[PDB]
Amino acid sequence: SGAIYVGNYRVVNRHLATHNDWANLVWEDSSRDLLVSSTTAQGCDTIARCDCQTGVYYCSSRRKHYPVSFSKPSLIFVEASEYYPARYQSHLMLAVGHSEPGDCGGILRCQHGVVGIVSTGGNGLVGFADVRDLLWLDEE
Ligand SMILES: CSc1ccccc1CC(=O)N1CCC[C@H](C(F)F)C1
Ligand SMILES: [Zn+2]
């Protein structure tokens, strides 16, 4: 589990969104595994606006933050899980790292701020849903 709290937005994995998220929806995209809902309180996270390929992510199944090198956001085939059939997921970045289903939502960050959240795992790889192109998270 986990979310990004930027401005009056909450960014979560679409497959982990709650009824309150769906009832206060701002934007969602199944192909990216992302959903954004509105919040009453202002958050403290800042979004990175960059092309970094190194950063640090939080892994809840190890209680640890790990430094990683990751690929550029791309269209990657992801195997079937209990939330999605096997399909192409867009705006996804891969790294070598420990992941398990409950690790989704952990933040990946670079020197500029939050880059994305854990969305996929298995086989000693971790995949992150990028958020750096969502410029509207910084306003309104
Ligand atoms: C932490 S992810 C993990 C870890 C070990 C093994 C498998 C997974 C789950 C995983 O890859 N998916 C199921 C949930 C949706 C994900 C993506 F489609 F958005 C795909
Ligand atoms: Zn960066």
Side-chain angles (χ1 to χ4, degrees):
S1 64
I4 307 166
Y5 292 97
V6 54
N8 287 270
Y9 297 120
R10 166 173 142 97
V11 187
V12 287
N13 293 93
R14 185 185 189 275
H15 74 274
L16 302 177
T18 66
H19 165 74
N20 186 71
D21 289 321
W22 281 108
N24 292 280
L25 183 68
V26 172
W27 170 84
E28 54 84 26
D29 184 323
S30 172
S31 75
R32 295 178 68 151
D33 185 42
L34 285 183
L35 180 147
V36 178
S37 59
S38 61
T39 65
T40 60
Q42 289 182 286
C44 297
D45 295 319
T46 287
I47 308 300
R49 303 298 180 195
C50 71
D51 63 356
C52 290
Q53 290 187 248
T54 65
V56 173
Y57 83 102
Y58 184 63
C59 177
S60 74
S61 64
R62 293 286 182 269
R63 288 193 189 101
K64 275 192 181 64
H65 294 260
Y66 291 105
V68 286
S69 291
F70 54 94
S71 62
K72 293 189 178 200
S74 318
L75 184 66
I76 303 279
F77 194 71
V78 180
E79 290 305 308
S81 67
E82 93 230 48
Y83 301 98
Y84 295 109
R87 72 191 208 303
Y88 282 95
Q89 178 161 326
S90 63
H91 298 265
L92 185 68
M93 298 172 295
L94 294 183
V96 174
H98 182 72
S99 188
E100 301 178 22
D103 285 327
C104 291
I107 281 172
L108 172 69
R109 66 182 74 229
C110 69
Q111 65 180 101
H112 307 104
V114 174
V115 170
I117 51 172
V118 173
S119 174
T120 73
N123 301 343
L125 297 159
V126 52
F128 309 97
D130 183 51
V131 297
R132 295 177 289 188
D133 65 314
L134 302 176
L135 312 187
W136 54 261
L137 287 171
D138 299 345
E139 62 206 11
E140 160 75 25

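Read the numbers this way: they start at 1 and go in the same order the structure lists the ligands and their atoms. Starting from 1, each residue takes its place in the sequence as its number.
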> Which of the numbered atoms in ligand 1 are below 4.0 angstrom from a heavy atom of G122?
Replying inline: 4 (C), 5 (C), 6 (C)

> Which residue supplies the protein heavy atom nearest to atom 17 (C) of ligand 1, what is that atom called, and how far is it?
Replying inline: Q89 OE1, 3.0 Å

> If every non-hydrogen atom of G7 is compared with every non-hydrogen atom of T39, which pair is closest and at what distance?
Replying inline: O-OG1, 4.0 Å

> With no hydrogens and no angle check, is any side-chain donor or acceptor of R32 less than 3.5 Å from a backbone partner on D130?
Replying inline: yes

> Among protein heavy atoms, which lies nearest atom 15 (C) of ligand 1, and at what distance?
Replying inline: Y84 CD1, 3.3 Å

> So, the side chain of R132 versus the backbone of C50: is there a donor-acceptor pair under 3.5 Å, distance only?
Replying inline: yes

> Under 4.0 Å from any heavy atom of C104, which atoms of ligand 1 are there?
Replying inline: 1 (C), 2 (S)

> Do you know the tightest heavy-atom contact between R63 and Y58?
Replying inline: CA-OH, 3.6 Å

>> Out of all atoms in ligand 1, which are within 4.0 Å of some heavy atom of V78? Include the element for each.
In response: 20 (C)

> How are the rings of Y83 and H15 set to each other: parallel, tilted or perpendicular (split at 30° and 60°)?
Replying inline: tilted

> Looking at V11, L137, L35, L34, which hits side chain to side chain contact (heavy atoms under 4.5 Å, CB included) with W27?
Replying inline: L34

>> How far is atom 16 (C) of ligand 1 from the closest protein heavy atom, and which atom is that?
In response: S119 O, 2.9 Å

> Taking the Zn ion (ligand 2) as the center, what protein N, O or S atoms are found at less than 2.8 Å?
Replying inline: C50 SG, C52 SG, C110 SG, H112 ND1

>> Looking only at distances, can you tell me whether any N or O atom of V118, backbone or side chain, sits closer than 3.5 Å to an N or O atom of ligand 1?
In response: no

>> In terms of relative ring orientation, are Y88 and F77 parallel, tilted or perpendicular, with 30° and 60° separating the classes?
In response: perpendicular

> Taking non-hydrogen atoms only, is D33 closer than 4.0 angstrom to ligand 1 via side chain, backbone, both or neither?
Replying inline: side chain

> For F128 and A95, which heavy atoms make the closest approach, and how far apart are they?
Replying inline: CE1-CB, 3.8 Å

> Are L134 and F70 connected in a single hydrophobic cluster, I mean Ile/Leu/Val/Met/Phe/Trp/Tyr linked by side-chain heavy atoms less than 4.5 Å apart?
Replying inline: no

> Pick one: which of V36, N24, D21 meets side chain to side chain contact (heavy atoms under 4.5 Å, CB included) with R10?
Replying inline: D21

> Does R87 have a non-hydrogen atom less than 4.0 Å from ligand 1?
Replying inline: yes

> Which residue holds the protein heavy atom closest to atom 7 (C) of ligand 1, what is that atom called, and what is the gap in Å?
Replying inline: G121 O, 3.3 Å

>> Give me the residue, atom name and distance of the protein heavy atom closest to atom 1 (C) of ligand 1.
In response: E100 O, 2.6 Å

> Name the one of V68, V126, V131 that satisfies side chain to side chain contact (heavy atoms under 4.5 Å, CB included) with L108?
Replying inline: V68

> In terms of side-chain heavy atoms, does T120 have a donor or acceptor partner in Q89 at a distance below 3.5 Å?
Replying inline: no

> Considering only protein heavy atoms, which is closest to atom 12 (N) of ligand 1, and at what distance to one decimal place?
Replying inline: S81 CB, 3.4 Å

